[PDB]
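Notes follow the structure.
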Amino acid sequence: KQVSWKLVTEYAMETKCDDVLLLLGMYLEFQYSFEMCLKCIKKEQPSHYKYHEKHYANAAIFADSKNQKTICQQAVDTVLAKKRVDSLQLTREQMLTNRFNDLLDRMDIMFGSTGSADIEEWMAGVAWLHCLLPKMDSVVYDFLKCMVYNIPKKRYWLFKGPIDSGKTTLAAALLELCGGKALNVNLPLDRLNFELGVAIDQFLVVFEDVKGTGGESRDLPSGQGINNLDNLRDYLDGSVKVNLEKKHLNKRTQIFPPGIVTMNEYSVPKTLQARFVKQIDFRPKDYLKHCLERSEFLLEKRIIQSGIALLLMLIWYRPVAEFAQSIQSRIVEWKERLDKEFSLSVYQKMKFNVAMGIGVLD
Amino acid sequence: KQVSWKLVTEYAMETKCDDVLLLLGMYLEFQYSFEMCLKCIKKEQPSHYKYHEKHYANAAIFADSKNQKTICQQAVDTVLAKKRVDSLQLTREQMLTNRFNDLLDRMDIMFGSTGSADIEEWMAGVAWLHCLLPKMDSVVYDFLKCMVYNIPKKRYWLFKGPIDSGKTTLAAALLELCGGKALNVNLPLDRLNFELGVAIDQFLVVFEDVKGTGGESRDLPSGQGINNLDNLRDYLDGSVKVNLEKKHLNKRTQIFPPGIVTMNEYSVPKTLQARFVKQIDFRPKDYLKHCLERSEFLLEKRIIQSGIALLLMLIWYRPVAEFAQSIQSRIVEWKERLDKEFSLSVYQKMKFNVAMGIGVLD
Amino acid sequence: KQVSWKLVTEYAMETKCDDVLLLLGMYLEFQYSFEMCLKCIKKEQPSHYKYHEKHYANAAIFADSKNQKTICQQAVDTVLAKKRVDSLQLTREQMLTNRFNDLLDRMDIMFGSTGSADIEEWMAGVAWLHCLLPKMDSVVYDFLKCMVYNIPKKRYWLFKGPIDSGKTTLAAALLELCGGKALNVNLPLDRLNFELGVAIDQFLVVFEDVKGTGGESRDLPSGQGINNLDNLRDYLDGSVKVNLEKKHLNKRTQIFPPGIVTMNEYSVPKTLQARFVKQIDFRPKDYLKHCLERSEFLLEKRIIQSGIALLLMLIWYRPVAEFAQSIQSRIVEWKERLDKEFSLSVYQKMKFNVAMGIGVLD
Amino acid sequence: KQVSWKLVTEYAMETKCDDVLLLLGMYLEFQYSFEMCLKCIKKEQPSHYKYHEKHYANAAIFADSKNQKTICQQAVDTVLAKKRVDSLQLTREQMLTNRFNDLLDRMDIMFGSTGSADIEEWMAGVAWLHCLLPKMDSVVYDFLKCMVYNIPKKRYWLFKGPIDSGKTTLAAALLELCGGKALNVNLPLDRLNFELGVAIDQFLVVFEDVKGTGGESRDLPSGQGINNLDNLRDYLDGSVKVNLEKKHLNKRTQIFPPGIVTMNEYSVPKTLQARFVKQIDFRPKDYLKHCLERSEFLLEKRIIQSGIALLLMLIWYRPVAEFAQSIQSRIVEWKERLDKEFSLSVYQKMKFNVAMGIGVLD
Amino acid sequence: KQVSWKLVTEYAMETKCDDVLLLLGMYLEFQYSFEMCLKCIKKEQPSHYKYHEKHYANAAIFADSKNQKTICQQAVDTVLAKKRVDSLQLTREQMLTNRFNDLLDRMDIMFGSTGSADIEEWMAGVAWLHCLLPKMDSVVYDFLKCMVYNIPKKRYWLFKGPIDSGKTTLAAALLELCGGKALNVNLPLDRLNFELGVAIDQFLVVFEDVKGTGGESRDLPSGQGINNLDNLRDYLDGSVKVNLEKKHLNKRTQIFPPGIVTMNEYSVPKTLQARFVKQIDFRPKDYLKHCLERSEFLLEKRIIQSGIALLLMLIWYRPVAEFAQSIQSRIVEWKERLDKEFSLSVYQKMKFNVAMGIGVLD
DNA sequence: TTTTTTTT
Ligand SMILES: Nc1ncnc2c1ncn2[C@@H]1O[C@H](COP(=O)(O)OP(=O)(O)OP(=O)(O)O)[C@@H](O)[C@H]1O
Ligand SMILES: Nc1ncnc2c1ncn2[C@@H]1O[C@H](COP(=O)(O)OP(=O)(O)OP(=O)(O)O)[C@@H](O)[C@H]1O
Ligand SMILES: Nc1ncnc2c1ncn2[C@@H]1O[C@H](COP(=O)(O)OP(=O)(O)OP(=O)(O)O)[C@@H](O)[C@H]1O
Ligand SMILES: Nc1ncnc2c1ncn2[C@@H]1O[C@H](COP(=O)(O)OP(=O)(O)OP(=O)(O)O)[C@@H](O)[C@H]1O
Ligand SMILES: Nc1ncnc2c1ncn2[C@@H]1O[C@H](COP(=O)(O)OP(=O)(O)OP(=O)(O)O)[C@@H](O)[C@H]1O
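Chains as they are written, first to last, in the numbering used here: chain A, 1 to 362; chain B, 1001 to 1362; chain C, 2001 to 2362; chain D, 3001 to 3362; chain E, 4001 to 4362.
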């Protein structure tokens, strides 16, 4: 008897697991009889219940091995390797088409037979989101395409407006949608430059809590951030490759992704002010609060943060042909499901009632 | 014959140990004949006497082996792996339910037949805490709910007041109850980077003693804390994942825990102010001051500053329906024990005594 | 049977792959039968489909190995060794031939078997270059000469002027044609090392804007950039070898390479400019915006940024006799393939579109 | 045959050896034929001469081992592991009892058959110390009880006075008695981060000659100390765990020890002074000076610094009930030896000699 | 056949080598034919020619090994381990006794028939040194015992006098005789910590050329060092341990060693004058200058700097009883040699020449 | 290999 490292690796690939402890912990669960595995019986997690019986025999033999972390290290490296092969070979539009398939597979579960969530609330989110700004689903489709075509030095959108104006609210959902990362500008230039090292393979990025100096005219308590933007204006423009930090591995050089950054109106150089392809003002909108104070399940469940909310909004608005091609198979089968659950009058009722500043329902 | 590595791992699972030297040291103790083991006979540490007989046979072989630290390292990473799996897959509520079972177990010891402390002194403790604030037990129910829901931008509580107001005490009790960590931010901006790394995978965190600036006009010597947290809104808001590191380790990326901030009274900007949900004023009460000086076992056993006392307070005051369904059986047991162990009127009198600043007991 | 480590090492030098993760990922693909490999059938990536059938047998056995990552580390060390050998042995001419020898291959990709592009656009890009003066084609060749004919102080070109002077686009383009790296300055002197240590064992180095003082009459921010330059004699005029410290790290010593410094208009402590090949002063021109306004594709495809344009600038303007002996024949072939598209009247037609910034497809 | 790793571990255990090189060097001393060992015959060093004969056979085989440092590292791990296990599971009273056992063992060796130190000279130092403060022995027992109980916030004593006051003399004695480390707080505010790292697992700490502020009238050098202490009030309070750091070590977390602060007569802010239980002001004493000047053997053998001197004072002054039962057996035997050796007339005469400032002896 | 790791280690012991690379290089040379060895035949280095004969047999096999560097590591560990055992167990008298044995080994070679240097010239050194200060030979013996007895407070010596007054010449010879280190304390206080770090496990220290305030009154360039020393009482007094730091390493705890201080006539605080045992005035003496002009071979061979020069002086001037009993056998032989080598009258003529300012030899 | 250091 000896461990099949191949079967271990196949789980890691099918899981797309890329943490060595996470995989180690995960695989050890399979050593017991799936026949009475309460997790399986509960259909507790798909990462478990889909795989327990398949891997049982190997996991029992793995459970006794003396090499366990070394086994897992090779498996995790194949996953990172696959990511990087894709990362350089694939088209940006092609990448997106794979990301969507990931999210659809989750919705299969979320609203499955184990329909643990329920779509009523999520469409109310779509309504509330589609209340926030004009042509909402368009400007999504617009920024979506912008990030695919990646026109050099047309690469970033920006937002401004008071605290709680919702700009973070928009931003977070866009990031959950695409995948990507968010980072902090304002830390000192050493820590800064290491932090940039997270950008590897990220299709898209954001920065939060960014500061300029001197916003105190707007009463804004102020700080460094703008300085460290200006340091990276080639990253911004993506004009070039640039190097990216690591620990215990070489720093690696490549071109830098596009995206969005959080601001409110501190000072900022005009080489930035004139630079960017887009910006939007977030203005607070009281009737949202007066729905929200009722509809608080939205926040508890992070529905308004969900990228799945955005996808549902696009599935709601746009015609099937407007999406990338192969997904249109599944788009229709979701378009179907929307028709089945929702008449227009459902969403009509929802958004109207909401728009009056009432709680979500009557 | 050979050492079973599996048996060592199982002991680490059973103890939930995760320091290689603690594991190594403790496992070596088993090598003597458990038959005669003085520590067993004294019944001194359950981490030992519940396991010595079981592990004896394998501890003798471990005492010979040339690999000892390697065997221990595997087991510790197994426990850490388990933590990461749990962290990624339990509901916030289940984590707390697990944590509460651990405290109930320690209480079954502390007031078990071994009775290493007096349940009456511990209940005397609870009275002093209940006295400390308006609607104390309702206040605690609020805080647990807040930490469990973890609602975006509604994650932080601010204790403020004068010196010796008890705010640190209350934080330390809440901290132990949920099992957070404590963090300093009156620190240099560079090594600050490694400080926050502690907070990886914690349920809760607390920021101590956040020193303001211009404070010495008010006799409070100015310091970095406020000048520092004002650059960390991303972390507090918990709205998007943020990245964390440790020495010789690459960055994790996760949401930041909810938590508490403590200060003596300092000026706070609208920005940071907007990101706390509740703030609480504490003020000295000379009758409490006197009573501790009589009842000083409250300090010496640190009774007034343990989650055990808060857990007890919740048990006495809250309906069993307010507990998660899984644990409710043990709650009924302990409620019945306590309602049997103490009348209302003893508790009534304790409050009168403590309100009257005399030593607690008569 | 066993993995041939030799075969893996061949593929690294054939593909010139020099990342262990990429190498591992690429190579793992070959374990499926090339016979039916859809990537091969679709002929998407030569780095795949050229090699699959050869490596398939070895790849299957590799995919089974326990030791896979170390096989790849040795293979990547092989390529790193070759590069280090060449970087020491050859002359700047030979090295520059080896570039042009396969910027040639870029032509064979840019106009590769797909009908990869229409060279019209590329010379429209080249034509957009030559616009500060009709001298500029010489200045390319003259700069290239200064690089091979490197003499002390005959090292650094002061590329002087405000935004949108194109200087950075050009610097980036040369950093593709020749290679080299780009760098910053306005630092404390230790951090300036931790910056400049990037330059280890390289042949061409480029730099960005530097703070003088007192220039706020042209709104130029004062600072300590110029202050560091007065200290950098041992590098700037550079007659004698000097060390190349990265922070705490790789303290190489040699002659520091030549290249280009980019900065705005600023005052002149002549102590500095004395060390330079140049003081060449640039400004934007209004009509050039109105060209770009109407020639947008030449930015969109990065044609204007690519060093490829500089090859074809040189292929146009410089007579074949000026090129290195073995490429001259290929220069004829791209003077042929120039004339396979271009009369000088079309070149002039495009110049005279630009003469008032007419859309250059005219 | 083969090296017993177990025997090496036992030697490390019995010598309580912390250090891998010290262990290596020691063990190699045994490789030479036991019966001729001059170190044994000269009875030079019990750490050698007790063990040589037993370990001899394995030491010779160890001398051949190709693996020597690995064996020592494993052995040192078990000694380190023991300390960490004890640190968690011991009562603070038990720790102190163990520390006393070790000092009492050193006192056997000093005054035993080896005749190596003069019990009469040592007793003179107790007389000089019992003069140094009012009620001197009472202060020691209170300090011991203070440090055993470790009451939150009520954890630190402040020593104040001029130069040549004796305060660091007394602090050093209490530190050797208990075990612990001094610390210097006058450092730059970065290196505090590593300076405090020394506190890990200690039983006491001493902050040495904290520099305050102003006070050129006071004729005191200024420094960081006082204000920088206030920035660490948490570590005084000890109410909650803190995070501590050593070079190359990832952080470990503990309650910061109780201890002593020493300073000249600077001003102190009560934000800090609220955290001192008790304050002792020393005075210069002419008769002590003139006594010491004629009692130089006290200093020439460091008697009045040494922890053994304080232990001898407690044995003389304190009833046997004040000691923990385990050592009451040994305490009684030492009391017998002292009352055999001395008389109260003698001790009073010594104290009178100190009071008269003559040499202690007459 | 196998390599003897033992034979390598024995060589490392006897060379007292502690650099892994240096040990490696030396041993590899023995692989060449010992019987023909040119380095042996020319008697170039004793560390080679004494050993090549024995180790050649093993060196041949060493040259084939693949473990070469790890063999050297274990060898060098053995030397370092020996030094640790020594430092923690020898008496300071035994420590000195070893270093004299080492110096006498060197002298045995220098004044040999093939290893050769001029026993006549080196005695001109002692004549010159014995003129630099009255009762020179006794002063050395006094200083020596002072360093050995290391009595608290009685620990430190002050050298005072103008530039070019010989104080550092004499200090250097003492430091060579005793194996200490120099330290410079004119730094600003915060930087001193790594300076003081140098002292770890050293026998002596010399504080070089301390600058005071107010020197400009006498054109002495002024500086901090005086005030820094006044701030270091505990290091000087040497009564109690202090903690010392080296780069990357964690702290060491030890008595700060005894030593020497040198200065021009800066005004010395009364506080410092209490610290020093001994003040020596160094003054320019015009006759020594003219003697040096006429006998520069003293400078050219560095004779007057050498601890070997001082050791010769002690051997000439001090009774055999002054030396430690164990070394006296070598001393008597060296006395016998010098008794043969010089009449007293020839030596006395040299003194008369030195007093005459004439060249030492005639 | 980082970390510590460096410098702050
Ligand atoms: N348009 C809006 N009007 C009123 N409240 C809003 C609006 N958008 C968001 N909110 C409230 O603000 C909270 C925080 O939203 P968000 O973080 O996106 O705002 P923000 O403008 O980006 O804030 P900040 O600049 O402080 O980070 C939301 O959870 C919601 O309760
Ligand atoms: N209401 C009160 N009146 C007087 N003393 C109090 C009161 N509550 C607590 N104390 C005392 O305050 C001491 C310290 O409490 P705690 O550390 O929690 O206060 P704090 O305000 O957080 O202090 P700090 O500002 O020092 O951090 C307690 O040990 C208790 O003796
Ligand atoms: N002479 C010019 N007139 C107008 N626009 C120009 C000119 N040269 C370049 N541009 C355009 O200006 C934009 C920026 O070009 P580029 O970065 O090369 O200029 P730069 O002078 O080096 O700028 P910076 O100093 O801001 O880095 C590009 O879109 C480019 O096409
Ligand atoms: N009370 C005293 N009266 C007179 N001389 C004293 C007294 N205490 C100590 N001495 C003398 O002073 C020397 C140094 O004592 P010590 O180091 O404790 O002084 P200190 O001024 O209190 O020190 P620190 O400022 O470092 O705490 C002693 O060795 C002794 O010679
Ligand atoms: N006592 C002396 N009389 C005359 N010349 C002297 C005397 N001592 C030293 N010399 C001359 O001074 C030179 C330097 O001597 P040395 O370095 O010991 O002087 P120093 O005063 O201790 O110097 P520094 O203060 O610079 O360290 C010697 O090489 C010699 O030429």
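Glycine included, every Cβ here is placed at the ideal spot set by N, Cα and C.
From the DSSP output, in three-state form, read off residue i for me.
i: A57(A); result: helix
i: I1151(B); result: coil
i: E4265(E); result: coil
i: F3207(D); result: strand
i: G4223(E); result: coil
Contact check, residue i vs residue j under 8 Å by CB: the rounded distance?
i: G1225(B); j: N1186(B); result: 5 Å
i: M26(A); j: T78(A); result: The Cβ separation is near 16 Å, so there is no contact.
i: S2267(C); j: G2212(C); result: 5 Å
i: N1184(B); j: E1195(B); result: 6 Å
i: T169(A); j: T262(A); result: Actually they are not in contact, since the Cβ atoms of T169(A) and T262(A) sit about 11 Å apart, beyond 8 Å.
i: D3237(D); j: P3152(D); result: 6 Å
Across which residues does DSSP place residue i in a beta bridge pair?
i: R294(A); result: For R294(A), which the question treats as bridged, DSSP gives no partner whatsoever.
i: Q4279(E); result: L4158(E)
i: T1253(B); result: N1243(B)
i: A1182(B); result: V1206(B)
Cβ closer than 7 Å: which chain E residues qualify as neighbours of residue i?
i: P3188(D); result: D4190
Given that residue i touches chain A, what residues does it touch there, using C-beta distances under 7 Å?
i: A1321(B); result: What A1321(B) touches in chain A: nothing, since even the nearest Cβ is about 19 Å away.
i: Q2045(C); result: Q89
Below 9 Å on C-beta distance, what does residue i contact in chain B?
i: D209(A); result: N1231, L1232, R1233, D1234, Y1235 and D1237
Inset, instruction - Could you list the residues in the segment 4236 to 4255 of chain E with a C-beta less than 9 Å from some C-beta on chain D, going in chain order? - result: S4239, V4240, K4241, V4242, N4243, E4245, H4248, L4249, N4250, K4251 and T4253
Legend entry - Chain-ordered residues of the segment 2283 to 2306 of chain C with a beta carbon less than 8 Å from chain A: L2299, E2300, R2302 and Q2305
Inset, instruction - Check distances from the C-beta atoms of the segment 152 to 168 of chain A to those of chain B and list, in chain order, the residues that come in under 9 Å. - result: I163, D164 and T168
Legend entry - Interfacial residues, the segment 3269 to 3284 of chain D to chain B, with Cβ spacing under 8 Å: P3269, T3271 and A3274
Inset, instruction - For the segment 3076 to 3104 of chain D, enumerate the residues whose C-beta is nearer than 9 Å to any C-beta of chain B, in chain order. - result: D3077, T3078, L3080, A3081, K3082, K3083, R3084, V3085, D3086, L3088 and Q3089
Inset, instruction - Give, in chain order, every residue of the segment 4001 to 4035 of chain E whose Cβ lies closer than 8 Å to some Cβ of chain D. - result: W4005 and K4006
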